[PDB]
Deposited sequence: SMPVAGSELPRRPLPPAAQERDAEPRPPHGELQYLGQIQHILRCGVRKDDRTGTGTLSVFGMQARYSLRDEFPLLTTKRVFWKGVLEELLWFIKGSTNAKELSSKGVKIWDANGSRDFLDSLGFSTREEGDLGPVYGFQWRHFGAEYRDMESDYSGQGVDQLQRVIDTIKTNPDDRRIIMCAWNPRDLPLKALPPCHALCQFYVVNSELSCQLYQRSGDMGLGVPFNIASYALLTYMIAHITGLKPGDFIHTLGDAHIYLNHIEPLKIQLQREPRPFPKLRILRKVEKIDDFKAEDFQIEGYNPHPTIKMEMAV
């Protein structure tokens, strides 16, 4: 049975049993604490079909994360909040320097930040490379883990908890991935994250000689913004269509060598875009 159905079941469970809870803005949600869904990655790619997901943004953003960029321009230049920017100095924000955030923490966790143009080679902990090495040196490992932080949870001095914990697992030549997200916005964030970590998994599997296995998505505060209820009720009536497939078009050897042109989605036949107001 089509895996997208679990996502639609979670939407329905939140509409039915979710409780009113406000977020840091004060804008309301229906909320449920604790959920999990499993999406097979074997011969299919979980890009949701009940609405069009912006695949290109998913790819270009992950690549920008992988590069460790803290330069907003490097991402927008591809064609892809208030409180984070208010922590920045004037000139750094003007030029698009985000400080020590996003993929900086994946590739240079704990490193002294200078500016977005700096050379951080070999500075801090390269969580992504460590994951890939361990898969190679000891696939049975239960600690093949990479964490991500929300930019506003700085500073690292404080030991701020992560936003996401991503665990990889290898058995029978298959790489599986579990993402734990402390909170998930079901209308907008969640579909994008599913595709994003599924793509990461495809990538790591490729360069470690494994086949993709399962993507397991686990949530703490799983929520629907009030203003997304009605568009989601309409999305719930759409029939999922077989997920597409993802193809990597050449043999790639290191995680940093992948390029947007290395990937191609195929057979993606989604229902139309649903605009949901952030």
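Engineer: Go through the deposited sequence from residue 1 and tell me which stretches lack C-alpha coordinates, in order.
Structural biologist: Those stretches are 1-27, 108-114, 313-314, listed in order.
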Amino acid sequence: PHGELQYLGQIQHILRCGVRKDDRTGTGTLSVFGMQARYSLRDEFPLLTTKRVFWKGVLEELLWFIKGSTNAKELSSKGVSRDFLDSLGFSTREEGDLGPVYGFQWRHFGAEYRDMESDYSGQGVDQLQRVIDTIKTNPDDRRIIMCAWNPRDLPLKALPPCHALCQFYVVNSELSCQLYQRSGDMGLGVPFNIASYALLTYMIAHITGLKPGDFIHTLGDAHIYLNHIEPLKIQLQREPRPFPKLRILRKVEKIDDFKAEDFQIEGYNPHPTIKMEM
From here on, numbers count along this sequence of modelled residues.
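Engineer: May I ask you to compare 36-44 and 64-72 by their mean CA B factor in the entry and name the higher one?
Structural biologist: The deposited B-factors put 64-72 ahead on the C-alpha mean.
Engineer: Mean CA B-factor: is it higher for 269-277 or for 3-11?
Structural biologist: Higher mean C-alpha B-factor: 269-277.
Engineer: Among the choices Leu249, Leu219, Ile234, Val58, identify the one whose CA B-factor in the record is greatest.
Structural biologist: Going by the entry's C-alpha B-factors, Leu249 comes out highest.
Engineer: In terms of recorded Cα temperature factor, pick the maximum from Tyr180, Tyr202, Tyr113, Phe168.
Structural biologist: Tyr113 has the highest C-alpha B-factor of those listed.
Engineer: Taking the chain's C-alpha temperature factors as the reference, tell me which third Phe84 falls into: lowest, middle or highest.
Structural biologist: Within its chain, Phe84 is a highest-third residue by C-alpha B-factor, going by the deposited values.
Engineer: Taking the entry's C-alpha B-factors for this chain, is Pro240 in the lowest, middle or highest third?
Structural biologist: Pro240: CA B-factor falls in the middle third of its chain.
Engineer: Compare the C-alpha B factor of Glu94 with those of the other modelled residues in its chain, then answer lowest, middle or highest third.
Structural biologist: For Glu94, the deposited C-alpha B-factor lands in the highest third.
Engineer: Should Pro100 be placed in the lowest, middle or highest third of its chain by the C-alpha B factor in the entry?
Structural biologist: CA B-factor rank for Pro100: highest third.
Engineer: Grab the CA temperature factor for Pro139 from the record and place it in the lowest, middle or highest third of its chain.
Structural biologist: Tercile = middle for this residue's CA B-factor.
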